[PDB]
Structures are given as C-alpha cells and as structure tokens.
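Colleague: Chains as they are written, first to last, in the working numbering: chain A, 3 to 122; chain B, 119 to 236; chain C, 8 to 128; chain D, 172 to 280; chain E, 62 to 169; chain F, 172 to 280; chain G, 915 to 1036; chain H, 915 to 1036; chain I, 2 to 124.
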Amino acid sequence: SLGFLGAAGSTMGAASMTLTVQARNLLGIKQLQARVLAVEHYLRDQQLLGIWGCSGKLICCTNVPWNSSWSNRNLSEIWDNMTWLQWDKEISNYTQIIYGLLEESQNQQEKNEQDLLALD
Amino acid sequence: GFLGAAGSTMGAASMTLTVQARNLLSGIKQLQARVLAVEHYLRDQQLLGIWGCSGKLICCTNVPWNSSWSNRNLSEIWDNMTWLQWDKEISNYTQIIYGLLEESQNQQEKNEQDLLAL
Amino acid sequence: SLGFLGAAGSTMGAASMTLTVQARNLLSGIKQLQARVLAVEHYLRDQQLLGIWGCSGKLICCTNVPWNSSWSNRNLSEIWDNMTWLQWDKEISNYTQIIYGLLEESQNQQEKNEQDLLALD
Amino acid sequence: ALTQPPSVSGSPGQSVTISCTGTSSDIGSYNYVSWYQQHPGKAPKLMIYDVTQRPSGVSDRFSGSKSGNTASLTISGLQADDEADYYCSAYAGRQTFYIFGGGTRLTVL
Amino acid sequence: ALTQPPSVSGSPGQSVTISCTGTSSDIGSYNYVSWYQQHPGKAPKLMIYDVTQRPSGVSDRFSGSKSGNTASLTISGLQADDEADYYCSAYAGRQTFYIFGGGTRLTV
Amino acid sequence: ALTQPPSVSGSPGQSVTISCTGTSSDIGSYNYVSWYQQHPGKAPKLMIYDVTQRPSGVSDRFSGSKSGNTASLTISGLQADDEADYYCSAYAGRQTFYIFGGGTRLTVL
Amino acid sequence: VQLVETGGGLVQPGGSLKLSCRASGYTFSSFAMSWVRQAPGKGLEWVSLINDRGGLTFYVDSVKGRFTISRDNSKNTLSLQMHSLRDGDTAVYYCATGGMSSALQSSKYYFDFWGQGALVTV
Amino acid sequence: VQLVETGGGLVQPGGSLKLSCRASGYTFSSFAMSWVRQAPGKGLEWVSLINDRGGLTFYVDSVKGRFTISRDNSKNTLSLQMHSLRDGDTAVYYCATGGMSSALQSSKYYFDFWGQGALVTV
Amino acid sequence: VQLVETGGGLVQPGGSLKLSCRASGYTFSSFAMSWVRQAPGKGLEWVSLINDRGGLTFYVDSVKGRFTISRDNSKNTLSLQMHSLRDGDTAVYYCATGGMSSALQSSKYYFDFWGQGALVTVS
Ligand SMILES: *[C@@H]1O[C@H](CO)[C@@H](O)[C@H](O)[C@H]1NC(C)=O
Ligand SMILES: *[C@@H]1O[C@H](CO)[C@@H](O)[C@H](O)[C@H]1NC(C)=O
Ligand SMILES: *[C@@H]1O[C@H](CO)[C@@H](O)[C@H](O)[C@H]1NC(C)=O
Ligand SMILES: *[C@@H]1O[C@H](CO)[C@@H](O)[C@H](O)[C@H]1NC(C)=O
Ligand SMILES: *[C@@H]1O[C@H](CO)[C@@H](O)[C@H](O)[C@H]1NC(C)=O
Ligand SMILES: *[C@@H]1O[C@H](CO)[C@@H](O)[C@H](O)[C@H]1NC(C)=O
Ligand SMILES: *[C@@H]1O[C@H](CO)[C@@H](O)[C@H](O)[C@H]1NC(C)=O
Ligand SMILES: *[C@@H]1O[C@H](CO)[C@@H](O)[C@H](O)[C@H]1NC(C)=O
Ligand SMILES: *[C@@H]1O[C@H](CO)[C@@H](O)[C@H](O)[C@H]1NC(C)=O
Ligand SMILES: *[C@@H]1O[C@H](CO)[C@@H](O)[C@H](O)[C@H]1NC(C)=O
Ligand SMILES: *[C@@H]1O[C@H](CO)[C@@H](O)[C@H](O)[C@H]1NC(C)=O
Ligand SMILES: *[C@@H]1O[C@H](CO)[C@@H](O)[C@H](O)[C@H]1NC(C)=O
C-alpha cells in the first residue's frame, strides 16, 4: 500500500514485506533500446536467481553461511535499525564472493539431489 | 491444435495447456512486434511468479473461492462452460482475485521462512 | 574454471559440472536490436521448453520418461566417460523431438496427478 | 476402527436409530460418513452419502445426521423388507482412506 | 533380519546350494542381492553381486538364482579351499540400505 | 522427558549444582537449554537461557553450562529467597519443540 | 449400471490370483474405482482405490505390497492382481464405483454402484 | 510487561473452555506466544506454540487433534480452544512469551515472560 | 587394493573413537565408501555409507545420532568418528568400496574391495 520504493527508507525487516510492489514495476529506435535493455536486466536477474536455485521465489533461503568478514553485525541491527540502501552500500564489493558461493552451493545441491533421486 | 479447445468445455480444454503454450513467443514494425510479444510473455510469467506458480501450468493456491464471484457448482463450471464464457462471466473480479493470490504468496513465503528457521 | 566452452571436448560427466558457466553467457543500430531480440527469444524458448517439462529453475532435471534402447543402446559408462556432448548430440539426432514430446506428455500427466492428489481432503 | 452396535430392532411402522462412533481424526474431521444396506447374499447398495445427503432411488426414510464424532441413521416407517445389515463408511484422510465398522443387524418384529 | 541356514555340507565334487529367504520389500522388490565368502580371520570377498553376476577374479563355479523372496548360491563343485562362512546381503530401499543374513558354514 | 534430581540442599554462603540430563538429539545437538525458578503458587521467572546466557534482572549468582548431554545450573549465595522449584527445559527440534524435566526442590537450611 | 466381476476361484496360500470387473451402463473413464473386501463373519473392509485415469493407486497398509490395481479405460475393465495371498485374504471381493473423484468434479467420497462380488478362497 | 489469563475454570470431561490471555506493556506482535501447563502435583509441560504473526501453530502430540491456538494482534489477545478435554488435562495453564522467532530476529528458544496462569479443572 | 584401517582398538564405554581407511590401488573419488560391522559370532551388518563426493551420508538407525562418516578425496582418506560407544558396538569394522553410485555411473548396491578390519572393543 506504500507504492513503488515507498519502503525504500524503511528498515530492512519492514521493506522486505513489499517485495512484490518492487517486482511488479520492473516491466523509435531509442524506445526499443530502452525496452530491450529493461528486458535484458530483468532476464539477467531471473537467470541469476535460477542459477542459485531461487527461481519463482522473492525470499529465497540458501545453504551459504554468513561470513563475519562480510558484515560483523547482529540480526537486530541489520533488520530493525538500518535500511536496504545502507546495507547495499555496506556490503558493496562483497556481493561477487557471495554470488560465487551461491552458485557453487546450488551446483553441489543439484548433484546431491540427483544422486539421492538415483537410489532405487 | 492452437485454440482448438476454445470451444470445448473447460474440463477438456484444461488438458491442452501445452498446445496453447509455445505459441506465445513465436523492418522496425516486426521488431516492435517481437518486443511486445516478449514483454507480454514476461509480464504473465512474473505475475505467475509472484503467486508461487512459477514453472507450472496448473497451479493450486490457498485462496478460497468466494461465492460472490460465481455461484455455479463444479459440474456446471467444468462440464457445461467453455473458457471464453467463463472469462466473460468473472472478468469484473479478475483483478481482485489476482490481488488475493498475491497476498497469499506474501504470507506463504514468510511462513516457509520461519519453518526453515527452526 | 575452464571457461565458457572449455568443457566442450571433455567427457559428458566432466562437462555436466560446468552448466552455470555456459548458462551465464546466453544473455550477455536496428540490426543490433534484432540480434538482442533474437538472443532473448532463443533464451525464452529454451526456458519455456524446460517449463513445459516441469524443469523450470533447474539446470539438471530428472524426469519420468524411461530411456528407449532404440534411441541409444550404449551403457552409462560409454555415454558419460568415453563420449563428449557433441558426439552424443550427433548420436541422438532425429530422436530429440520424440523425447521432447514424451517429456511434455509425462509432465501433463504429472500435473493432473498432482492436482488430483492435492484434491484429497 | 469405529464402533457399531451388533444389532438393532423395532416393530413395523416405528422409527429406529443406528449409530457409528469413530474418533476425532475421521468422523470429527471430515463430513463424509456414508451408510450402506447389505441384504445377506447380495452386494451392498448406497443408502446415504456425505452426512445428510440422500441419493436418488432411495425413499424418504433412511435420513441421517451427525453430532460430534457420532454419525446416526434414522429409519422411520420401518418396513418388513429392511431386514438387512447396515454399515458405515467414514473417510479417514489421505493415509487411510476409508474405515468401516461391523455390521448392525436390523430385525423387524 | 535375513534368514539363512547356519550350515551346509557335502562331499568334494558335489553341487552345493546355499539359500537365503528375505521379505517382499527387499529381495522381492529389488534385484540387487550379493553373496560374500569370508574365511575365518580374513575379510569377506565379494563372490556374487546383483543377479547371478560374478566379479573379475571369481571362478565360474559360483552361480546363483532368485525367485520370489528367496535368493540362492550354487557351487558347481566343492573344493577344500572353499571352506568359509558365506553371507547374503540385499538392498532394502532408502530407509534400510542393506540387510545381511547370518553365516553358513560350508563344512567341506 | 529429561532426567533431573528431585531435590538438592545446601547452607547459606555455599553453592549448589542442579544437573539436567537429556539425550544426544536434544541437549547435545541444539545447545538451547533454559532454566527457570518457580515458587509454589506463583508463576515461574526465567533465570537462564541459551545454556550459559543470563537475562537481565538476574544477579550473577545464577549461572549455567553444559557438558555432553548434561546441563548444569550453578547457584551461589543460597539465600532464603532461592527456596523454590527449579526446572530445566530444552529444545528438541521441530515435532515436540520443548522437553522438560521434573522439579528440583532447593532446600535452604 | 452393472459391474460383472469375472474373477477367480480357489488358490493355495502363497499363490496368486487376478480379479477383473467389466463395467456397463455408465462412462467408465469418468469414475474412480475401488475394491472392497468382505470376510465372512467380519463385514466390509476397503482394500484398494484407483483414480478415474488410472494413474493413482491407494491401498490399506496390510496389502500395500503384494497387490496391484490396474484400470483399462479402453475396454472398460478394472483388475486387481494379488500376489502371495494369505489365509487371512479369504473373502468375497466387490468391485465398486466411486471414492475419489477428481479436482474438476464434485466430491464423491462414497461408493454408489457395487458389483455382484467374487469369492476368493485361500 | 504483563500477561493475564481470563479463561474459565471447572469443566466436565468432553467439554470446552476456550482460554484467553491478554498482553500489555510490550509490543505483542513482535513476540511468539505459547501455552505451558502444570498438573497440580507434577512438573511443568509445554502444550502449544504460535509464532508472532499467528500463521504457524505447533502442539504436543497428546493434544494435537483437540487443541487450537490462535492470536489476534489487533487486540493483544491469545486464545486456546480445547474441544475434547480429558481428565488428564487438569492443570494450571500459563501464557508465556517466546518459543520461536521469525528468522529476522535472534533466537528465542526460551520462555521470556510468564503469566499468572488459569486453572483448568476436569 | 590394499585398503587398510589405521584406527584405534580400545575405548571405555561412553567415550569416542575415530577409525580411518587409506586407499592406494584405485581412484578413491570414483567410488562410494562404506563401513560394515561384524560383531563376534553374529555375522555382519552394514553401519554407514558415504557417497563418492562425500556430500551424502547414510546410517543405520542404531547409530544415526552417534556416528559421523566423512571422506577426503585429497590423500584418499575415509574417516568414521564414533561417539557414545556402547557395549553392543564391540566388533570388527571393515572398510568397503561401493554400495552406491552417482546417477551418471552404473548401479552397484554391493560391496567390493573390503579392508582387513579394525577391532574395536568397548570395555
Ligand atoms: C521513519 O522513522 C520513524 C522513526 O521512528 C518511524 O517511526 C517511521 O515509521 C519511519 N518511516 C517509515 C516509512 O517507516
Ligand atoms: C570467510 O570465512 C572463512 C572462514 O569461515 C575465512 O577464512 C575467510 O577469510 C572469510 N572470508 C573473507 C573474505 O575474509
Ligand atoms: C548488535 O550490535 C550492536 C553493536 O553495538 C549492539 O549495540 C546491539 O545491542 C546488538 N544487538 C544484539 C541483539 O545483540
Ligand atoms: C569493499 O567494500 C567496503 C565497504 O565499505 C569498502 O570500504 C572497501 O573499500 C571496498 N574495497 C575496495 C577494494 O574498494
Ligand atoms: C461440440 O459439441 C458437441 C456436442 O455433442 C460435442 O460432441 C463436440 O465434441 C464439441 N466440440 C468439441 C471440439 O469438443
Ligand atoms: C466475499 O466477497 C464479499 C464481497 O464481494 C466480501 O464481503 C466477503 O468478505 C468475501 N468473503 C470472504 C470469506 O472474505
Ligand atoms: C449445478 O447447478 C445447476 C443449477 O442450474 C443444477 O441444475 C445442477 O444440478 C447443479 N449440479 C450439481 C452437481 O449439484
Ligand atoms: C462488469 O461491469 C460492467 C460495468 O461496470 C457491467 O456493465 C457488466 O455487466 C459487468 N459484468 C458482469 C459479468 O456482471
Ligand atoms: C583431453 O583429453 C585428455 C585425454 O588424455 C584428457 O586428459 C584431458 O583432460 C582432456 N581435456 C579436457 C579439457 O578435459
Ligand atoms: C521404444 O520405441 C518403440 C518404437 O515403436 C516402442 O515400440 C517401445 O515401446 C518403446 N519403448 C518403451 C519402453 O516404451
Ligand atoms: C558398455 O558397452 C561397451 C560396448 O559393448 C563395453 O565394452 C563396456 O564394457 C560396457 N560397459 C558396461 C559397464 O556395461
Ligand atoms: C538422421 O536422419 C538422417 C537422414 O538421412 C541420417 O542421414 C542420419 O544418419 C540420421 N541420424 C542418425 C544418428 O542415424
């Protein structure tokens, strides 16, 4: 009910309740370039979620543990006392390590599930 | 065939969903047409995704049916109606239904997030 | 580690561990937009075809279609350890449409069975 | 699974009641408790389904109901041709689909 | 868990049959049974696997069969060096992976 | 579910140990053991949580620890106000979330 | 409606017997089917349930193995193949219509059409 | 922080009480709630747990089919509806905070604050 | 293949003991591994199984809450850490190769290349 980015200045534990509002707002040569680049950004994000095994979800839990070197904070100060913009700035240039770990964890999970489903 | 089941009853037309699928994706006017088809396909796929129905053609949900939307029984709905007549009958409530579906998913993931946190 | 197509000449078993590396490289004046739209259409047709089979969101998808010995009668050791994906893909030419049709029919039956199982009180 | 009396009786023209007592997880959980009439030597036929919904082909008598975990079949206007065994069939969920009690012999005096 | 007789006997040169009886959910449901030969003081050796297969290094005197919930091993000709405790093993699904029987004394 | 002695005693100025014994699937695996003090006729007050962590409003004379599958509450001071039934509680995972022992009557002599 | 149970006769303990049921008077493929067992002196017991399309099968725990229920919608034929029959399986079996329905149909958790019955002796 | 149970007292076996608990002095919607019982002569035993949003309910197996736990965050009200009380259910029922957290807080696998308790006689 | 146990052989009741297997004659990472227990005079029983990659472990119910099986493809080493050992666990523990295979390999469901066995006695 807050609207697009209305929760942007709210805390992470409150802004996380409005993910569908943000998701629904993501979708002559210049106009086609703008539409194609919007489609490409959406598809790259969806493919990246699929690689992690999070396709079809907005809140996706994973098997990658949190490193204290990425952000040495407790859940209360992360979720109740700061916004997603401040968090995004705080963990800048740590996201590529997290993405690589998520990719490797999903590859291992897919192999383990295939082997479990291969037992008679 | 494509739209062949449009005149069939919904109980029979629901078994041809893969026939109706695949026909949604396949000088500037042709490029605009391709981009428009892709945009509509992605809008529909995102709309399914925010309902927890991604990757499925028949998706069951947790939203109960309100008798004010339609008071027909299942035999009349599925054996004596086509999808076009049904779509016409409940168009005035479609967006309301969509909103409720979205809300259910908003709750569902949170519950799953808690269940996996034990 | 091996690059985009580095596993192309490796065995099918070894190459099956590099699916994400190739998956990331499928998405990334009028003719440039035409090229981008063609890339998007090919990606979306492949994702849709996986979705029809119930494989959406997975790169390795197990199914309920048994393998027919008339398509290929090699054992798993020969297919996975002594053969590459290019040679295998050549071997199963003229059979992929039958497999795709069987996968579509199997997923339609799976969806009806799941809907009926979920209809039990 | 569920408990029934071994027999009931009554005079012609009188009303009789046959009961089935199950548990909270079957009769108390689902409103699908049908009743069947089986003449000895013949296959049973459906007398009432769900709880209170009588199928076509059955006379006005044999109406049923439920309360709590107990289902009840009321047979008013008892006829001489009703001398048959009566059975309950209760739905018990997905793991066990149907449960039956023993037969109740209806004796017409 | 898996029923196997405590011992068998026979003369050299004779055909000797050892059998194990399981249940429907393991031998009856799966075709993955195996037989092992354990000499006292030594580790067991794999003799038969799956259905009447021999691993490399095992002579062709060891065969077997499967019918219903009963599996059997046949020694086509007894030797003095065959004296050992023979064991059955069978796959029983994902909850109970393997079920073993008791030992059979060959008593050459 | 949990084994706990029925009673313990000591003199003012000393300290006591109240043990609580579970199994490997509950105390040993989750490390979520709490202790609380119940006076007869009154509601219990939380005294220890997360095995070793003391909440606010409780002085340092109450502490705890675990070893293997055994949890331990250490109480120093032993003043008259501590004559109460102490209980241990442990998280066993989902499907029977919490398991409890019996009460330990602490007698202050 | 008529259900004719062209089943078997007497078998020994440990043997196998197949029952069949021919349906007429209704659309076979539109209804779920079941087998219900009546042991003399004990009463009715449900044995197995198969969906209208034949893809889903359900059993009581006591016969969860050993029994296979099969449906042929082209010949309007229901069948039950019972292996490793026990002495406790001696009973009259009945072919019955209903008990499951489908998501697109009305609720039918009852058996409305019963067959003549067939005697299985072990 | 206060918790006051306002539920009923003496009931016959097979009856119901529908106990309730009023919370004050803290944010009700931020904490999970639970019901824990003490038989008059025995120790204290957990009965049921509900999360902070009310969507998830958990019970001990002994009461799983007869107790329902629910909450109303707009009235600061917790409810427990017992519809098949047995003679063994005689106990003091305490309303308590804690028992779980909804993934975005720290762990709360303990009972942070307890009410005074309602007496159920049956 | 010279699969050799290097584990201990004497523990008190309630203690812990670690066993390990070294392999040299075969590709260790290509085969599943397991531990099979032989109590004196009672025959053999399977105790635990680990996949070829080490990600999946399976146990009998009697040890599921006590034993941990792990492997290291580097140095070709299998390990089994047994906690809370009971008097019923006195037995010879054999290393075995196989009992499982990945979806890309042929089926095994049998044990081969057995080790010589470590003797574990619980006083
Ligand atoms: C802004 O901060 C205040 C401080 O308490 C808070 O009450 C308010 O809700 C915040 N705004 C939003 C949109 O959450
Ligand atoms: C991540 O954690 C590991 C230990 O878990 C640590 O060695 C490593 O340094 C951490 N990452 C960074 C970037 O420091
Ligand atoms: C989180 O860390 C901050 C840093 O000082 C501290 O002030 C706060 O109390 C901590 N919260 C919790 C719940 O540990
Ligand atoms: C990585 O991110 C942190 C976040 O503040 C930043 O301080 C640091 O400079 C970044 N690293 C580099 C190499 O810029
Ligand atoms: C059209 O209606 C008739 C009515 O009998 C039916 O038989 C026919 O199948 C229907 N057409 C289709 C395509 O289902
Ligand atoms: C059904 O719709 C009406 C208005 O259309 C609404 O008032 C009612 O609350 C709805 N039903 C439920 C169960 O919410
Ligand atoms: C559905 O409603 C219509 C009303 O026209 C009625 O004729 C029909 O019998 C109903 N079907 C069922 C199965 O109750
Ligand atoms: C939908 O609304 C319009 C006007 O708002 C009305 O004319 C139309 O009949 C309605 N549709 C139905 C199916 O009632
Ligand atoms: C190419 O073949 C050789 C055969 O010896 C193999 O060792 C090598 O790994 C192969 N290349 C790649 C990239 O796997
Ligand atoms: C394989 O294909 C042939 C082609 O006619 C078919 O007859 C056979 O049944 C197929 N195999 C299986 C297992 O369905
Ligand atoms: C697979 O087939 C080839 C060719 O017949 C054969 O040489 C090889 O041994 C077979 N492998 C297995 C594991 O059956
Ligand atoms: C597929 O069909 C063509 C048609 O001539 C044939 O040349 C080719 O060999 C076939 N593929 C295989 C794998 O045999």
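Note that the Cβ used here is the ideal one computed from N, Cα and C, for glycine as well.
1) In this structure, how does DSSP classify residue 1028 (chain G) when only helix, strand and coil are distinguished?
2) Which residues, taken in chain order from the segment 979-996 of chain G, show a beta carbon closer than 9 angstroms to some beta carbon of chain E?
3) Who are the neighbours of residue 86 (chain E) on chain G, taking C-beta pairs under 8 angstroms?
4) Suppose contacts are defined by Cβ-Cβ distances below 7 angstroms. Is residue 243 (chain F) in contact with residue 236 (chain F) by that definition?
5) Are there any heavy atoms of ligand 1 lying less than 6 angstroms away from the beta-carbon of residue 132 (chain B), as far as the coordinates show?
6) Got a sec: is the Cβ-Cβ distance from residue 104 (chain A) to anything in chain H below 7 angstroms?
7) From residue 206 (chain F) to residue 176 (chain F), what does the alpha carbon distance come to, in whole angstroms?
8) Taking buried to mean at least 16 other C-beta atoms within 10 Å of its own C-beta, is residue 36 (chain A) buried or exposed?
9) Along chain E, which residues have their Cβ under 9 angstroms away from the Cβ of residue 962 (chain G)?
10) Can you list the residues of chain C that residue 143 (chain B) reaches, using a CB-CB cut of under 9 angstroms?
11) Indicate, with yes or no, if ligand 7 has a heavy atom lying under 6 angstroms from the CB of residue 32 (chain C).
12) Per DSSP, what are the beta-bridge partners of residue 19 (chain I) in this structure?
13) Classify residue 96 (chain A): buried if its beta carbon has 16 or more other beta carbons within 10 angstroms, exposed otherwise.
14) According to a CB-to-CB cut-off of less than 9 angstroms, which residues of the segment 178-203 of chain B neighbour chain C?
15) Rounded to a whole number of angstroms, what is the C-alpha to C-alpha distance between residue 228 (chain B) and residue 64 (chain A)?
16) Figure out for me which residue from D:194, D:258, D:266 and D:276 has the closest Cα to the Cα of residue 220 (chain D).
17) With 16 other CB atoms within 10 Å as the buried threshold, where does residue 211 (chain D) fall?
18) Check each residue's C-beta against every heavy atom of ligand 3 and list, in chain order, those closer than 6 angstroms.
19) Less than 7 angstroms separating the beta-carbons of residue 983 (chain H) and residue 998 (chain H)?
20) Taking 7 angstroms as the limit between beta carbons, can you name the residues of its chain near residue 68 (chain E), skipping five residues before and five after?
21) Check whether the segment 929-947 of chain H and the segment 988-997 of chain H are in contact - that is, three or more C-beta pairs closer than 8 angstroms.
22) Can you tell me where the alpha helix (DSSP H) with residue 115 (chain E) in it begins and where it stops?
23) Using DSSP with H/G/I as helix, E/B as strand and the rest coil, what is residue 1019 (chain H)?
24) With distances taken between CB atoms, is the gap from residue 114 (chain C) to residue 61 (chain C) smaller than 7 angstroms?
25) What does the shell around ligand 10 hold, if a residue joins when its beta-carbon is under 7 angstroms from any heavy atom?
26) State whether the segment 184-192 of chain D contacts the segment 245-258 of chain D, with contact taken as three or more CB pairs (one from each stretch) at a distance under 8 angstroms.
27) Between residue 210 (chain B) and ligand 8, is the CB less than 6 angstroms from at least one heavy atom?
28) Rounded to whole angstroms, how far is the Cβ of residue 1018 (chain G) from the Cβ of residue 124 (chain C), which I believe are closer than 8 angstroms?
29) Can you pull the chain B residues whose beta carbon is under 8 angstroms from the beta carbon of residue 1016 (chain H), in chain order?
30) Which residues in chain A have a C-beta closer than 9 angstroms to the C-beta of residue 172 (chain B)? List them in chain order.
31) Are the segment 28-42 of chain I and the segment 1016-1035 of chain H touching by the rule of at least three beta carbon pairs closer than 8 angstroms?
32) Using a C-beta cutoff of 7 angstroms, does residue 931 (chain H) count as contacting chain F?
33) Pull out every residue of the segment 126-146 of chain B whose Cβ sits closer than 9 angstroms to any Cβ of chain G, in chain order.
34) Does the beta carbon of residue 214 (chain B) come closer than 7 angstroms to any beta carbon on chain A?
35) For a cutoff of 7 angstroms on Cβ pairs, would you count residue 30 (chain I) as touching chain C?
36) Is it true that the CB of residue 195 (chain F) sits closer than 7 angstroms to the CB of residue 66 (chain I)?
Modeller: This is what the structure gives:
1) Looking up residue 1028 (chain G) in the seventh sequence gives position 114. Here residue 1028 (chain G) carries a strand assignment [DSSP, helix/strand/coil].
2) Along the segment 979-996 of chain G, going in chain order, the ones with a CB nearer than 9 angstroms to a CB of chain E are 979 and 980.
3) The residue given as residue 86 (chain E) occupies position 25 in the fifth sequence. The contacting residues are 979.
4) What you label residue 243 (chain F) is simply residue 72 of the sixth sequence in a count that begins at 1. What you label residue 236 (chain F) is simply residue 65 of the sixth sequence in a count that begins at 1. With contacts defined by Cβ atoms closer than 7 angstroms, residue 243 (chain F) and residue 236 (chain F) form a contacting pair.
5) On the second sequence, residue 132 (chain B) is found 14 positions in, with the first residue counted as 1. The answer is no for residue 132 (chain B).
6) Mapped onto the first sequence, residue 104 (chain A) falls at position 102. It does not; no Cβ of chain H falls within 7 angstroms.
7) In the sixth sequence, counting from the first residue as 1, residue 206 (chain F) sits at position 35. In the sixth sequence, counting from the first residue as 1, residue 176 (chain F) sits at position 5. Going by the C-alpha atoms only, they are around 14 angstroms apart.
8) Walking along the first sequence from the start, residue 36 (chain A) turns up at place 34. Its Cβ having fewer than 16 others within 10 Å, residue 36 (chain A) is exposed.
9) Within the seventh sequence, the letter at position 48 stands for residue 962 (chain G). Here the premise fails: no neighbours, minimum Cβ distance about 17 angstroms.
10) Here residue 143 (chain B) corresponds to residue number 25 of the second sequence, with the count starting at 1. Going along chain C in sequence order, the residues near residue 143 (chain B) (Cβ under 9 angstroms) are 48, 51, 52 and 55.
11) Numbered from its first residue, the third sequence carries residue 32 (chain C) at position 25. No, since every heavy atom of ligand 7 falls outside the 6 angstroms radius drawn around the Cβ of residue 32 (chain C).
12) Position 18 of the ninth sequence holds residue 19 (chain I). The partner list for residue 19 (chain I) (beta bridge, DSSP) reads I:82.
13) Looking up residue 96 (chain A) in the first sequence gives position 94. When all chains shown are included, residue 96 (chain A) counts as exposed.
14) Close to chain C, meaning a Cβ-Cβ distance shorter than 9 angstroms, are the following residues of the segment 178-203 of chain B: 178.
15) Working through the second sequence from its first residue, we reach residue 228 (chain B) at position 110. Working through the first sequence from its first residue, we reach residue 64 (chain A) at position 62. A direct Cα-to-Cα measurement between residue 228 (chain B) and residue 64 (chain A) gives close to 15 angstroms.
16) What you label residue 220 (chain D) is simply residue 49 of the fourth sequence in a count that begins at 1. Minimum Cα-Cα distance from residue 220 (chain D) among the listed residues D:194, D:258, D:266 and D:276 corresponds to D:258.
17) Counting from one through the fourth sequence, the residue named residue 211 (chain D) turns up at place 40. By the neighbour-count rule (16 or more Cβ atoms within 10 Å), residue 211 (chain D) is not buried but exposed.
18) Every residue passing the under-6 angstroms Cβ criterion appears here: A:76, A:78, A:79 and H:1020.
19) By one-based count along the eighth sequence, residue 983 (chain H) stands at place 69. By one-based count along the eighth sequence, residue 998 (chain H) stands at place 84. No, these two residues do not count as a Cβ contact at 7 angstroms.
20) The residue given as residue 68 (chain E) occupies position 7 in the fifth sequence. 165, 166 and 168.
21) They touch, by the three-pair rule.
22) Position 54 of the fifth sequence holds residue 115 (chain E). Here residue 115 (chain E) belongs to no alpha helix (DSSP H), and DSSP marks it neither H nor E.
23) Working through the eighth sequence from its first residue, we reach residue 1019 (chain H) at position 105. Reduced to three states, the DSSP call for residue 1019 (chain H) is coil.
24) On the third sequence, position 107 is the one that residue 114 (chain C) refers to. On the third sequence, position 54 is the one that residue 61 (chain C) refers to. Yes. Within cutoff.
25) So the residues near ligand 10 by this Cβ test are C:73, C:75 and C:77.
26) At 8 angstroms Cβ cutoff, the stretches touch.
27) By 1-based counting over the second sequence, the position of residue 210 (chain B) is 92. At least one heavy atom of ligand 8 lies less than 6 angstroms from the C-beta of residue 210 (chain B).
28) Position 104 of the seventh sequence holds residue 1018 (chain G). Position 117 of the third sequence holds residue 124 (chain C). About 14 angstroms separates the two Cβ atoms, so there is no contact after all.
29) Residue 1016 (chain H) sits at position 102 when you count from the first residue of the eighth sequence. 228, 231, 232 and 235, listed in chain order.
30) The residue labelled residue 172 (chain B) in the question sits at position 54 within the second sequence. Ordered by position in chain A, the residues that pass the 9 angstroms Cβ test against residue 172 (chain B) are 57, 58 and 59.
31) Contact fails between the segment 28-42 of chain I and the segment 1016-1035 of chain H, because fewer than three Cβ pairs, one in each stretch, are under 8 angstroms apart.
32) Counted from its first residue, the eighth sequence places residue 931 (chain H) at position 17. So, not an interface residue.
33) Identification of residues in the segment 126-146 of chain B having a C-beta nearer than 9 angstroms to some C-beta of chain G yields 128, 129 and 132, given in sequence order.
34) Taking the first residue of the second sequence as position 1, residue 214 (chain B) is located at position 96. Residue 214 (chain B) does not count as touching chain A.
35) For the purposes of this step, residue 30 (chain I) is taken as the residue at position 29 of the ninth sequence. Chain C places no beta carbon closer than 7 angstroms to that of residue 30 (chain I), leaving this residue out of the contacts.
36) The sequence position of residue 66 (chain I) within the ninth sequence is 65, counting from 1. The sequence position of residue 195 (chain F) within the sixth sequence is 24, counting from 1. Yes, the Cβ-Cβ distance between residue 66 (chain I) and residue 195 (chain F) is below 7 angstroms.
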